[PDB]
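*Asks:* Below is the file structure.csv, with CSV, N, CA and C atoms.
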chain,number,residue,atom,x,y,z
A,1,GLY,N,-15.1,-21.1,-22.1
A,1,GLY,CA,-15.5,-19.8,-21.7
A,1,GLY,C,-15.9,-18.9,-22.9
A,2,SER,N,-17.1,-18.3,-22.7
A,2,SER,CA,-17.6,-17.4,-23.8
A,2,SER,C,-18.7,-16.5,-23.2
A,3,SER,N,-18.4,-15.3,-23.1
A,3,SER,CA,-19.3,-14.3,-22.6
A,3,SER,C,-18.7,-12.9,-22.8
A,4,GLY,N,-19.4,-12.1,-23.6
A,4,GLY,CA,-19.0,-10.7,-23.8
A,4,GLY,C,-20.1,-9.7,-23.4
A,5,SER,N,-19.6,-8.6,-22.9
A,5,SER,CA,-20.6,-7.6,-22.4
A,5,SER,C,-20.1,-6.2,-22.9
A,6,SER,N,-21.0,-5.5,-23.5
A,6,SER,CA,-20.7,-4.2,-24.1
A,6,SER,C,-20.9,-3.1,-23.0
A,7,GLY,N,-21.7,-3.4,-22.0
A,7,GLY,CA,-21.9,-2.5,-20.9
A,7,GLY,C,-22.6,-1.2,-21.4
A,8,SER,N,-23.2,-0.5,-20.5
A,8,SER,CA,-23.8,0.8,-20.8
A,8,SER,C,-22.9,1.9,-20.4
A,9,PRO,N,-22.3,2.6,-21.4
A,9,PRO,CA,-21.5,3.7,-21.1
A,9,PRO,C,-22.3,5.0,-20.7
A,10,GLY,N,-21.5,6.0,-20.4
A,10,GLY,CA,-22.1,7.3,-20.0
A,10,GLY,C,-21.5,7.9,-18.8
A,11,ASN,N,-20.4,8.7,-19.1
A,11,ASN,CA,-19.7,9.3,-18.0
A,11,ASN,C,-18.9,10.5,-18.6
A,12,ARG,N,-18.7,11.5,-17.7
A,12,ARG,CA,-18.0,12.7,-18.1
A,12,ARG,C,-17.5,13.4,-16.9
A,13,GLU,N,-16.2,13.1,-16.5
A,13,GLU,CA,-15.6,13.7,-15.4
A,13,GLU,C,-14.1,13.6,-15.5
A,14,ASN,N,-13.4,14.5,-14.7
A,14,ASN,CA,-12.0,14.5,-14.8
A,14,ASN,C,-11.4,14.8,-13.3
A,15,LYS,N,-11.9,15.9,-12.8
A,15,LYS,CA,-11.5,16.3,-11.5
A,15,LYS,C,-12.2,15.4,-10.4
A,16,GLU,N,-11.7,15.5,-9.2
A,16,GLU,CA,-12.3,14.7,-8.1
A,16,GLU,C,-12.4,13.3,-8.5
A,17,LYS,N,-11.4,12.5,-8.3
A,17,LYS,CA,-11.3,11.1,-8.6
A,17,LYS,C,-11.4,10.3,-7.4
A,18,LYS,N,-12.0,9.1,-7.5
A,18,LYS,CA,-12.1,8.2,-6.4
A,18,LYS,C,-11.0,7.1,-6.5
A,19,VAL,N,-10.2,7.0,-5.5
A,19,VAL,CA,-9.1,6.0,-5.5
A,19,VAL,C,-9.2,5.2,-4.2
A,20,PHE,N,-9.5,3.9,-4.5
A,20,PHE,CA,-9.6,2.9,-3.4
A,20,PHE,C,-8.3,2.2,-3.1
A,21,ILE,N,-7.8,2.5,-1.9
A,21,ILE,CA,-6.5,1.9,-1.5
A,21,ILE,C,-6.8,0.6,-0.6
A,22,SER,N,-6.3,-0.5,-1.1
A,22,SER,CA,-6.5,-1.7,-0.3
A,22,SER,C,-5.2,-2.2,0.3
A,23,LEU,N,-5.2,-2.4,1.6
A,23,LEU,CA,-4.1,-2.8,2.3
A,23,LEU,C,-4.1,-4.3,2.6
A,24,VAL,N,-4.1,-5.1,1.5
A,24,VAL,CA,-4.2,-6.5,1.5
A,24,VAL,C,-3.1,-7.1,0.7
A,25,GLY,N,-2.9,-8.5,0.8
A,25,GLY,CA,-1.9,-9.2,0.1
A,25,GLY,C,-0.5,-8.4,0.0
A,26,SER,N,0.3,-8.8,-0.9
A,26,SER,CA,1.6,-8.1,-1.0
A,26,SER,C,1.4,-6.8,-1.7
A,27,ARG,N,1.1,-5.8,-0.9
A,27,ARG,CA,0.9,-4.4,-1.4
A,27,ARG,C,0.6,-3.5,-0.2
A,28,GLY,N,1.6,-2.6,0.1
A,28,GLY,CA,1.4,-1.6,1.2
A,28,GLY,C,1.7,-0.2,0.7
A,29,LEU,N,0.8,0.7,1.0
A,29,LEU,CA,1.0,2.1,0.6
A,29,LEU,C,2.5,2.5,0.8
A,30,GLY,N,2.9,3.4,-0.1
A,30,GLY,CA,4.3,3.8,-0.1
A,30,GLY,C,4.4,5.3,-0.5
A,31,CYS,N,3.3,6.0,-0.2
A,31,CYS,CA,3.3,7.4,-0.6
A,31,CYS,C,3.4,8.3,0.7
A,32,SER,N,3.9,9.4,0.6
A,32,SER,CA,4.1,10.3,1.7
A,32,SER,C,3.0,11.4,1.7
A,33,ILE,N,2.5,11.7,2.9
A,33,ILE,CA,1.4,12.7,3.0
A,33,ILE,C,2.0,13.9,3.7
A,34,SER,N,1.5,15.1,3.3
A,34,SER,CA,2.0,16.3,4.0
A,34,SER,C,0.7,17.1,4.5
A,35,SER,N,1.0,18.1,5.3
A,35,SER,CA,0.0,19.0,5.8
A,35,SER,C,0.0,20.4,5.2
A,36,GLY,N,-1.1,20.8,4.7
A,36,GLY,CA,-1.2,22.1,4.1
A,36,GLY,C,-1.2,23.2,5.1
A,37,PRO,N,-1.1,24.5,4.6
A,37,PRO,CA,-1.1,25.6,5.5
A,37,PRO,C,-2.6,25.9,5.9
A,38,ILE,N,-2.7,27.1,6.6
A,38,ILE,CA,-4.0,27.5,7.1
A,38,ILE,C,-4.8,28.0,5.9
A,39,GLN,N,-4.1,28.5,4.9
A,39,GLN,CA,-4.8,29.0,3.7
A,39,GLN,C,-5.2,27.8,2.8
A,40,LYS,N,-4.4,26.8,2.8
A,40,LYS,CA,-4.6,25.6,2.0
A,40,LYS,C,-4.4,24.3,2.9
A,41,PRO,N,-5.2,24.2,4.0
A,41,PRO,CA,-5.1,23.1,4.9
A,41,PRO,C,-5.7,21.8,4.2
A,42,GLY,N,-5.1,20.7,4.5
A,42,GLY,CA,-5.5,19.4,4.0
A,42,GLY,C,-4.4,18.4,4.0
A,43,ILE,N,-4.6,17.3,3.3
A,43,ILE,CA,-3.7,16.2,3.2
A,43,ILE,C,-3.3,16.0,1.7
A,44,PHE,N,-2.0,16.3,1.4
A,44,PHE,CA,-1.5,16.2,0.1
A,44,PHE,C,-0.3,15.2,0.0
A,45,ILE,N,-0.2,14.5,-1.1
A,45,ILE,CA,0.9,13.5,-1.3
A,45,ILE,C,2.2,14.3,-1.6
A,46,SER,N,3.3,13.8,-1.0
A,46,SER,CA,4.6,14.4,-1.2
A,46,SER,C,5.4,13.5,-2.1
A,47,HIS,N,5.3,12.2,-2.0
A,47,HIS,CA,6.0,11.3,-2.8
A,47,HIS,C,5.2,10.0,-2.9
A,48,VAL,N,5.5,9.2,-3.9
A,48,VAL,CA,4.9,7.9,-4.1
A,48,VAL,C,5.9,6.9,-4.5
A,49,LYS,N,5.9,5.8,-3.7
A,49,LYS,CA,6.9,4.7,-4.0
A,49,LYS,C,6.5,4.0,-5.2
A,50,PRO,N,7.5,3.4,-5.9
A,50,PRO,CA,7.2,2.6,-7.1
A,50,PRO,C,6.7,1.2,-6.8
A,51,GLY,N,5.4,1.1,-7.2
A,51,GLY,CA,4.7,-0.2,-6.9
A,51,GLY,C,4.0,-0.2,-5.6
A,52,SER,N,3.5,1.0,-5.2
A,52,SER,CA,2.8,1.2,-3.9
A,52,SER,C,1.3,1.1,-4.1
A,53,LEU,N,0.6,1.1,-3.0
A,53,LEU,CA,-0.8,1.1,-3.1
A,53,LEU,C,-1.4,2.3,-3.8
A,54,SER,N,-0.5,3.3,-3.8
A,54,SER,CA,-0.9,4.6,-4.4
A,54,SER,C,-0.4,4.6,-5.9
A,55,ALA,N,0.7,4.0,-6.1
A,55,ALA,CA,1.3,3.9,-7.4
A,55,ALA,C,0.5,3.0,-8.3
A,56,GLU,N,-0.1,2.0,-7.7
A,56,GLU,CA,-0.9,1.1,-8.5
A,56,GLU,C,-2.1,1.8,-9.1
A,57,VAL,N,-2.6,2.8,-8.3
A,57,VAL,CA,-3.8,3.5,-8.7
A,57,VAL,C,-3.3,4.7,-9.7
A,58,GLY,N,-2.0,5.0,-9.6
A,58,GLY,CA,-1.4,6.0,-10.4
A,58,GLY,C,-1.4,7.4,-9.7
A,59,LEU,N,-1.4,7.3,-8.3
A,59,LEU,CA,-1.4,8.5,-7.5
A,59,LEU,C,-0.1,9.2,-7.7
A,60,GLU,N,-0.2,10.5,-7.8
A,60,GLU,CA,1.0,11.4,-7.9
A,60,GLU,C,1.0,12.5,-6.9
A,61,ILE,N,2.1,13.2,-6.9
A,61,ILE,CA,2.3,14.3,-5.9
A,61,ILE,C,1.3,15.4,-6.3
A,62,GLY,N,0.6,15.9,-5.3
A,62,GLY,CA,-0.4,17.0,-5.5
A,62,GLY,C,-1.8,16.5,-5.1
A,63,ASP,N,-2.0,15.2,-5.4
A,63,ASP,CA,-3.3,14.6,-5.1
A,63,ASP,C,-3.7,14.8,-3.6
A,64,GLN,N,-4.5,15.8,-3.4
A,64,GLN,CA,-4.9,16.2,-2.1
A,64,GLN,C,-6.1,15.3,-1.6
A,65,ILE,N,-6.0,14.8,-0.5
A,65,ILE,CA,-7.0,13.9,0.1
A,65,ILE,C,-8.1,14.8,0.7
A,66,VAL,N,-9.2,14.8,0.1
A,66,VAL,CA,-10.4,15.6,0.6
A,66,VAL,C,-11.3,14.7,1.3
A,67,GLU,N,-11.3,13.4,0.9
A,67,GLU,CA,-12.2,12.4,1.6
A,67,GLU,C,-11.5,11.1,1.5
A,68,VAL,N,-11.9,10.3,2.5
A,68,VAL,CA,-11.3,8.9,2.6
A,68,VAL,C,-12.4,8.0,3.3
A,69,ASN,N,-12.9,7.1,2.5
A,69,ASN,CA,-13.9,6.1,3.0
A,69,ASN,C,-15.1,6.9,3.5
A,70,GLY,N,-15.3,8.0,2.9
A,70,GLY,CA,-16.4,8.9,3.3
A,70,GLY,C,-16.1,9.7,4.5
A,71,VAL,N,-14.8,9.9,4.7
A,71,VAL,CA,-14.3,10.7,5.8
A,71,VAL,C,-14.0,12.1,5.3
A,72,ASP,N,-14.0,13.1,6.3
A,72,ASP,CA,-13.7,14.5,6.0
A,72,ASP,C,-12.2,14.7,6.1
A,73,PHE,N,-11.4,14.4,5.1
A,73,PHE,CA,-10.0,14.6,5.1
A,73,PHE,C,-9.6,16.0,4.6
A,74,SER,N,-10.6,16.9,4.5
A,74,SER,CA,-10.4,18.2,4.0
A,74,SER,C,-10.0,19.2,5.2
A,75,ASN,N,-9.9,18.6,6.4
A,75,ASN,CA,-9.5,19.3,7.5
A,75,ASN,C,-9.0,18.4,8.6
A,76,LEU,N,-8.4,17.2,8.1
A,76,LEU,CA,-7.9,16.2,8.9
A,76,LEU,C,-6.5,16.7,9.3
A,77,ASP,N,-5.7,15.7,9.9
A,77,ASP,CA,-4.4,16.0,10.4
A,77,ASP,C,-3.4,14.9,9.9
A,78,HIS,N,-2.2,15.0,10.2
A,78,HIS,CA,-1.2,14.0,9.8
A,78,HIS,C,-1.3,12.9,10.8
A,79,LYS,N,-2.1,13.0,11.8
A,79,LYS,CA,-2.3,12.0,12.8
A,79,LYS,C,-3.7,11.4,12.6
A,80,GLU,N,-4.7,12.2,12.3
A,80,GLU,CA,-6.0,11.8,12.1
A,80,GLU,C,-6.2,11.2,10.7
A,81,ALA,N,-5.5,11.7,9.7
A,81,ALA,CA,-5.5,11.3,8.4
A,81,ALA,C,-4.8,9.9,8.3
A,82,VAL,N,-3.8,9.8,9.2
A,82,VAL,CA,-3.0,8.6,9.2
A,82,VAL,C,-3.8,7.5,10.0
A,83,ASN,N,-4.3,7.9,11.1
A,83,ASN,CA,-5.1,7.0,11.9
A,83,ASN,C,-6.2,6.4,11.1
A,84,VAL,N,-6.9,7.3,10.5
A,84,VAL,CA,-8.1,6.9,9.7
A,84,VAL,C,-7.6,6.1,8.5
A,85,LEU,N,-6.4,6.4,8.0
A,85,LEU,CA,-5.9,5.7,6.9
A,85,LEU,C,-5.4,4.3,7.3
A,86,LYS,N,-4.9,4.3,8.6
A,86,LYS,CA,-4.4,3.1,9.1
A,86,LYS,C,-5.5,2.3,9.9
A,87,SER,N,-6.7,3.0,9.9
A,87,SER,CA,-7.9,2.5,10.5
A,87,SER,C,-8.2,1.1,9.9
A,88,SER,N,-8.6,1.1,8.7
A,88,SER,CA,-9.0,-0.1,8.0
A,88,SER,C,-8.0,-0.3,6.8
A,89,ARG,N,-8.1,-1.5,6.2
A,89,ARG,CA,-7.3,-1.9,5.1
A,89,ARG,C,-7.8,-1.2,3.8
A,90,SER,N,-9.0,-1.5,3.4
A,90,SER,CA,-9.6,-1.0,2.2
A,90,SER,C,-10.3,0.4,2.6
A,91,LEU,N,-9.8,1.4,1.9
A,91,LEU,CA,-10.4,2.7,2.1
A,91,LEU,C,-10.5,3.4,0.7
A,92,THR,N,-11.6,4.2,0.6
A,92,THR,CA,-11.9,5.0,-0.6
A,92,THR,C,-11.4,6.4,-0.5
A,93,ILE,N,-10.3,6.7,-1.1
A,93,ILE,CA,-9.7,8.1,-1.0
A,93,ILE,C,-10.2,8.8,-2.2
A,94,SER,N,-10.7,10.1,-1.9
A,94,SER,CA,-11.2,10.9,-3.0
A,94,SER,C,-10.2,12.1,-3.2
A,95,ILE,N,-9.4,12.1,-4.2
A,95,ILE,CA,-8.5,13.1,-4.5
A,95,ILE,C,-9.0,14.0,-5.6
A,96,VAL,N,-8.4,15.1,-5.8
A,96,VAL,CA,-8.8,16.1,-6.9
A,96,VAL,C,-7.8,16.1,-8.0
A,97,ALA,N,-7.2,14.9,-8.2
A,97,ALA,CA,-6.2,14.8,-9.2
A,97,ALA,C,-5.2,16.0,-9.2
A,98,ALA,N,-4.1,15.8,-8.5
A,98,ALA,CA,-3.1,16.9,-8.3
A,98,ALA,C,-3.9,18.2,-7.9
A,99,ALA,N,-4.6,18.1,-6.8
A,99,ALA,CA,-5.3,19.3,-6.3
A,99,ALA,C,-4.3,20.4,-6.0
A,100,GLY,N,-3.5,20.1,-5.0
A,100,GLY,CA,-2.5,21.1,-4.6
A,100,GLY,C,-1.1,20.7,-5.1
A,101,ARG,N,-0.9,20.5,-6.4
A,101,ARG,CA,0.4,20.1,-7.0
A,101,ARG,C,1.4,21.3,-6.9
A,102,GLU,N,0.8,22.5,-6.7
A,102,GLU,CA,1.7,23.7,-6.6
A,102,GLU,C,2.3,23.8,-5.2
A,103,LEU,N,1.7,23.0,-4.3
A,103,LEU,CA,2.2,23.0,-2.9
A,103,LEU,C,3.6,22.4,-2.9
A,104,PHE,N,3.9,21.7,-4.0
A,104,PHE,CA,5.2,21.0,-4.1
A,104,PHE,C,6.0,21.5,-5.3
A,105,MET,N,5.3,21.4,-6.5
A,105,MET,CA,5.9,21.9,-7.7
A,105,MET,C,6.6,23.2,-7.6
A,106,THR,N,6.0,24.1,-7.0
A,106,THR,CA,6.6,25.4,-6.8
A,106,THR,C,8.0,25.3,-6.2
A,107,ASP,N,8.9,25.4,-7.2
A,107,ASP,CA,10.3,25.2,-6.8
A,107,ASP,C,10.6,23.8,-6.5
A,108,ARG,N,11.8,23.3,-6.9
A,108,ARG,CA,12.2,21.9,-6.6
A,108,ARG,C,13.5,21.9,-5.8
A,109,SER,N,13.4,21.8,-4.5
A,109,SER,CA,14.5,21.8,-3.7
A,109,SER,C,15.2,20.4,-3.7
A,110,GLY,N,14.3,19.4,-3.3
A,110,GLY,CA,14.8,18.0,-3.2
A,110,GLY,C,15.5,17.7,-1.9
A,111,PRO,N,14.7,17.3,-0.9
A,111,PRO,CA,15.3,17.0,0.4
A,111,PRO,C,16.0,15.6,0.4
A,112,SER,N,16.6,15.3,1.5
A,112,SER,CA,17.3,14.1,1.6
A,112,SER,C,16.6,13.2,2.7
A,113,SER,N,16.5,13.7,3.9
A,113,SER,CA,15.9,12.9,5.0
A,113,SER,C,15.1,13.9,5.8
A,114,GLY,N,13.8,13.8,5.7
A,114,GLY,CA,12.8,14.6,6.4
A,114,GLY,C,13.0,14.4,7.9
Could the structure of this file be written out as C-alpha coordinates, please?
*Replies:*
Amino acid sequence: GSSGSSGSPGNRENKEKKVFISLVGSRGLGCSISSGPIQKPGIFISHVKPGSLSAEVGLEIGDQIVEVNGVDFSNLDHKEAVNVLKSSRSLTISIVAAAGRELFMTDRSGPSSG
(Lines of atoms letter the chains of each structure in order from A and count residues from 1; the text may use other names and numbers.)
(Lines give C-alpha, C1' and ligand atoms only; values in the text may rest on other atoms or scores of the structure.)
Protein backbone atom coordinates (compact mmCIF):
# COMPACT_ATOMS: atom_id res chain seq x y z
CA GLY A 1 0.00 0.00 0.00
CA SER A 2 1.21 3.45 -0.96
CA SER A 3 -0.93 6.53 -1.49
CA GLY A 4 -0.75 9.97 0.10
CA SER A 5 -3.11 12.90 -0.28
CA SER A 6 -2.47 16.45 0.87
CA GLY A 7 -6.04 17.45 0.15
CA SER A 8 -7.22 21.00 -0.44
CA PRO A 9 -7.59 22.90 2.84
CA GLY A 10 -9.69 26.00 3.40
CA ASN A 11 -12.06 26.33 6.33
CA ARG A 12 -12.83 28.78 9.11
CA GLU A 13 -15.62 28.03 11.56
CA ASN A 14 -16.22 27.32 15.23
CA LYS A 15 -19.86 27.78 16.14
CA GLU A 16 -22.66 25.71 14.66
CA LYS A 17 -21.06 22.30 14.30
CA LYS A 18 -22.44 19.30 12.44
CA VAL A 19 -22.49 16.07 14.41
CA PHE A 20 -23.67 12.90 12.71
CA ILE A 21 -24.97 10.30 15.13
CA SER A 22 -25.05 6.76 13.80
CA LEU A 23 -27.13 4.14 15.59
CA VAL A 24 -25.33 1.11 14.22
CA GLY A 25 -23.02 -1.61 15.50
CA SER A 26 -22.06 -1.63 19.16
CA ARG A 27 -22.85 2.01 19.86
CA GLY A 28 -26.03 3.61 21.16
CA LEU A 29 -26.63 7.21 22.14
CA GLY A 30 -26.26 7.80 25.86
CA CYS A 31 -26.87 11.51 26.23
CA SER A 32 -29.85 13.14 27.90
CA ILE A 33 -31.87 15.87 26.23
CA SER A 34 -33.86 18.60 27.94
CA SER A 35 -36.49 21.11 26.91
CA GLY A 36 -35.75 24.82 27.09
CA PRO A 37 -38.16 27.51 28.30
CA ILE A 38 -40.35 29.74 26.17
CA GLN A 39 -37.57 32.31 26.16
CA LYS A 40 -35.01 29.71 25.16
CA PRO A 41 -37.02 26.82 23.69
CA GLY A 42 -35.17 23.97 22.04
CA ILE A 43 -33.38 20.69 22.69
CA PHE A 44 -30.27 20.78 24.85
CA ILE A 45 -28.09 17.99 26.18
CA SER A 46 -28.19 17.43 29.93
CA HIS A 47 -25.68 14.61 30.24
CA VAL A 48 -23.51 12.41 28.06
CA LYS A 49 -22.62 8.81 28.80
CA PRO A 50 -18.97 7.73 28.53
CA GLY A 51 -18.54 6.04 25.17
CA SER A 52 -21.90 7.07 23.77
CA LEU A 53 -22.88 8.03 20.24
CA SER A 54 -22.59 11.59 21.49
CA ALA A 55 -19.42 11.06 23.48
CA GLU A 56 -17.75 9.62 20.41
CA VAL A 57 -18.35 12.91 18.65
CA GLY A 58 -17.34 14.75 21.80
CA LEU A 59 -20.78 16.11 22.58
CA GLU A 60 -21.08 17.95 25.88
CA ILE A 61 -23.77 19.53 28.02
CA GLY A 62 -25.10 22.70 26.43
CA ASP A 63 -24.98 21.50 22.85
CA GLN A 64 -28.41 22.66 21.76
CA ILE A 65 -29.95 20.74 18.89
CA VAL A 66 -31.12 23.30 16.36
CA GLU A 67 -31.24 20.84 13.49
CA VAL A 68 -31.20 17.09 12.95
CA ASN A 69 -30.92 15.39 9.58
CA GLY A 70 -32.15 18.66 8.13
CA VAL A 71 -34.95 18.83 10.68
CA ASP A 72 -36.11 21.88 12.59
CA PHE A 73 -35.12 20.99 16.13
CA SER A 74 -35.14 24.66 17.07
CA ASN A 75 -38.77 24.30 18.09
CA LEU A 76 -39.13 20.55 18.49
CA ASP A 77 -40.22 18.71 21.61
CA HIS A 78 -38.96 15.97 23.91
CA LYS A 79 -41.29 13.71 21.96
CA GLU A 80 -40.75 15.07 18.47
CA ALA A 81 -37.02 15.45 18.95
CA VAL A 82 -36.90 11.92 20.30
CA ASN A 83 -39.19 10.46 17.65
CA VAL A 84 -37.17 12.15 14.94
CA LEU A 85 -34.01 11.08 16.72
CA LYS A 86 -35.34 7.55 17.02
CA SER A 87 -36.73 7.85 13.51
CA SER A 88 -33.61 6.70 11.71
CA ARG A 89 -30.24 5.35 12.79
CA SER A 90 -27.92 7.80 11.09
CA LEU A 91 -28.86 11.42 11.67
CA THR A 92 -27.02 14.70 11.21
CA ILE A 93 -27.38 16.80 14.33
CA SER A 94 -26.42 20.45 14.11
CA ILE A 95 -25.41 21.88 17.47
CA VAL A 96 -24.02 25.30 18.30
CA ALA A 97 -21.24 23.91 20.45
CA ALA A 98 -22.54 24.41 23.96
CA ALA A 99 -25.25 26.75 22.72
CA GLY A 100 -27.25 26.86 25.93
CA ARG A 101 -24.56 25.68 28.32
CA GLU A 102 -25.80 28.27 30.79
CA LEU A 103 -29.11 26.44 30.86
CA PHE A 104 -27.26 23.94 33.02
CA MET A 105 -23.99 25.50 34.12
CA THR A 106 -25.90 28.16 36.01
CA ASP A 107 -25.59 26.63 39.45
CA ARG A 108 -24.68 23.01 40.04
CA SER A 109 -27.36 21.17 41.99
CA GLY A 110 -26.67 17.62 40.88
CA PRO A 111 -29.82 15.48 40.76
CA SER A 112 -30.03 11.80 41.58
CA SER A 113 -32.99 10.35 39.71
CA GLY A 114 -35.04 12.49 37.36
*Asks:* How many Å separate CA of residue 23 (chain A) from atom C of residue 41 (chain A)?
*Replies:*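 Value for the CA of residue 23 (chain A)-atom C of residue 41 (chain A) distance: 24.7 Å.
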*Asks:* What gap, in Å, lies between CA of residue 90 (chain A) and atom N of residue 24 (chain A)?
*Replies:*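 One can read the CA of residue 90 (chain A) to atom N of residue 24 (chain A) distance as 6.9 Å.
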*Asks:* So which residues are close to (-7.4, 13.1, -2.2), meaning at most 9 Å away in the file's coordinates with only C-alpha atoms counted, and can you show them as a PDB file with N, CA and C atoms, in the frame of the given file?
*Replies:*
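Output (selection_18.pdb):
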ATOM      1  N   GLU A  16     -11.700  15.500  -9.200  1.00  0.00           N
ATOM      2  CA  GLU A  16     -12.300  14.700  -8.100  1.00  0.00           C
ATOM      3  C   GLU A  16     -12.400  13.300  -8.500  1.00  0.00           C
ATOM      4  N   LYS A  17     -11.400  12.500  -8.300  1.00  0.00           N
ATOM      5  CA  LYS A  17     -11.300  11.100  -8.600  1.00  0.00           C
ATOM      6  C   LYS A  17     -11.400  10.300  -7.400  1.00  0.00           C
ATOM      7  N   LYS A  18     -12.000   9.100  -7.500  1.00  0.00           N
ATOM      8  CA  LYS A  18     -12.100   8.200  -6.400  1.00  0.00           C
ATOM      9  C   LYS A  18     -11.000   7.100  -6.500  1.00  0.00           C
ATOM     10  N   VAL A  19     -10.200   7.000  -5.500  1.00  0.00           N
ATOM     11  CA  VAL A  19      -9.100   6.000  -5.500  1.00  0.00           C
ATOM     12  C   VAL A  19      -9.200   5.200  -4.200  1.00  0.00           C
ATOM     13  N   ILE A  43      -4.600  17.300   3.300  1.00  0.00           N
ATOM     14  CA  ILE A  43      -3.700  16.200   3.200  1.00  0.00           C
ATOM     15  C   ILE A  43      -3.300  16.000   1.700  1.00  0.00           C
ATOM     16  N   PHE A  44      -2.000  16.300   1.400  1.00  0.00           N
ATOM     17  CA  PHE A  44      -1.500  16.200   0.100  1.00  0.00           C
ATOM     18  C   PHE A  44      -0.300  15.200   0.000  1.00  0.00           C
ATOM     19  N   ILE A  45      -0.200  14.500  -1.100  1.00  0.00           N
ATOM     20  CA  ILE A  45       0.900  13.500  -1.300  1.00  0.00           C
ATOM     21  C   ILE A  45       2.200  14.300  -1.600  1.00  0.00           C
ATOM     22  N   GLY A  62       0.600  15.900  -5.300  1.00  0.00           N
ATOM     23  CA  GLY A  62      -0.400  17.000  -5.500  1.00  0.00           C
ATOM     24  C   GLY A  62      -1.800  16.500  -5.100  1.00  0.00           C
ATOM     25  N   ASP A  63      -2.000  15.200  -5.400  1.00  0.00           N
ATOM     26  CA  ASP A  63      -3.300  14.600  -5.100  1.00  0.00           C
ATOM     27  C   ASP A  63      -3.700  14.800  -3.600  1.00  0.00           C
ATOM     28  N   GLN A  64      -4.500  15.800  -3.400  1.00  0.00           N
ATOM     29  CA  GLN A  64      -4.900  16.200  -2.100  1.00  0.00           C
ATOM     30  C   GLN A  64      -6.100  15.300  -1.600  1.00  0.00           C
ATOM     31  N   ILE A  65      -6.000  14.800  -0.500  1.00  0.00           N
ATOM     32  CA  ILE A  65      -7.000  13.900   0.100  1.00  0.00           C
ATOM     33  C   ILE A  65      -8.100  14.800   0.700  1.00  0.00           C
ATOM     34  N   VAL A  66      -9.200  14.800   0.100  1.00  0.00           N
ATOM     35  CA  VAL A  66     -10.400  15.600   0.600  1.00  0.00           C
ATOM     36  C   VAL A  66     -11.300  14.700   1.300  1.00  0.00           C
ATOM     37  N   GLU A  67     -11.300  13.400   0.900  1.00  0.00           N
ATOM     38  CA  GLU A  67     -12.200  12.400   1.600  1.00  0.00           C
ATOM     39  C   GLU A  67     -11.500  11.100   1.500  1.00  0.00           C
ATOM     40  N   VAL A  68     -11.900  10.300   2.500  1.00  0.00           N
ATOM     41  CA  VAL A  68     -11.300   8.900   2.600  1.00  0.00           C
ATOM     42  C   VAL A  68     -12.400   8.000   3.300  1.00  0.00           C
ATOM     43  N   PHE A  73     -11.400  14.400   5.100  1.00  0.00           N
ATOM     44  CA  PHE A  73     -10.000  14.600   5.100  1.00  0.00           C
ATOM     45  C   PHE A  73      -9.600  16.000   4.600  1.00  0.00           C
ATOM     46  N   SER A  74     -10.600  16.900   4.500  1.00  0.00           N
ATOM     47  CA  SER A  74     -10.400  18.200   4.000  1.00  0.00           C
ATOM     48  C   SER A  74     -10.000  19.200   5.200  1.00  0.00           C
ATOM     49  N   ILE A  93     -10.300   6.700  -1.100  1.00  0.00           N
ATOM     50  CA  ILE A  93      -9.700   8.100  -1.000  1.00  0.00           C
ATOM     51  C   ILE A  93     -10.200   8.800  -2.200  1.00  0.00           C
ATOM     52  N   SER A  94     -10.700  10.100  -1.900  1.00  0.00           N
ATOM     53  CA  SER A  94     -11.200  10.900  -3.000  1.00  0.00           C
ATOM     54  C   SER A  94     -10.200  12.100  -3.200  1.00  0.00           C
ATOM     55  N   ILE A  95      -9.400  12.100  -4.200  1.00  0.00           N
ATOM     56  CA  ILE A  95      -8.500  13.100  -4.500  1.00  0.00           C
ATOM     57  C   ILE A  95      -9.000  14.000  -5.600  1.00  0.00           C
ATOM     58  N   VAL A  96      -8.400  15.100  -5.800  1.00  0.00           N
ATOM     59  CA  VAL A  96      -8.800  16.100  -6.900  1.00  0.00           C
ATOM     60  C   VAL A  96      -7.800  16.100  -8.000  1.00  0.00           C
ATOM     61  N   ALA A  97      -7.200  14.900  -8.200  1.00  0.00           N
ATOM     62  CA  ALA A  97      -6.200  14.800  -9.200  1.00  0.00           C
ATOM     63  C   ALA A  97      -5.200  16.000  -9.200  1.00  0.00           C
ATOM     64  N   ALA A  98      -4.100  15.800  -8.500  1.00  0.00           N
ATOM     65  CA  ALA A  98      -3.100  16.900  -8.300  1.00  0.00           C
ATOM     66  C   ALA A  98      -3.900  18.200  -7.900  1.00  0.00           C
ATOM     67  N   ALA A  99      -4.600  18.100  -6.800  1.00  0.00           N
ATOM     68  CA  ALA A  99      -5.300  19.300  -6.300  1.00  0.00           C
ATOM     69  C   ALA A  99      -4.300  20.400  -6.000  1.00  0.00           C
TER      70      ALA A  99
END
*Asks:* Could you work out how far atom C of residue 101 (chain A) lies from atom C of residue 82 (chain A), giving the answer in Å with one decimal?
*Replies:*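 Calculated distance between atom C of residue 82 (chain A) and atom C of residue 101 (chain A) is 22.4 Å.
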*Asks:* I want to know what sits within 8 Å of residue 88 (chain A), based on only N, CA and C atoms, with residues of the same chain fewer than 3 positions away left out; could you give that as a PyMOL selection string?
*Replies:* chain A and resi 21-23+83-85+91
*Asks:* Enumerate the residues of region 34-101 of chain A with a DSSP assignment of strand (DSSP E), computed from the backbone, and present them as a PyMOL selection string.
*Replies:* chain A and resi 34-35+43-48+64-68+71-72+91-95
*Asks:* When you count only C-alpha atoms, which of these residues is closest to residue 100 (chain A): A:61, A:31, A:76, A:38?
*Replies:* A:61
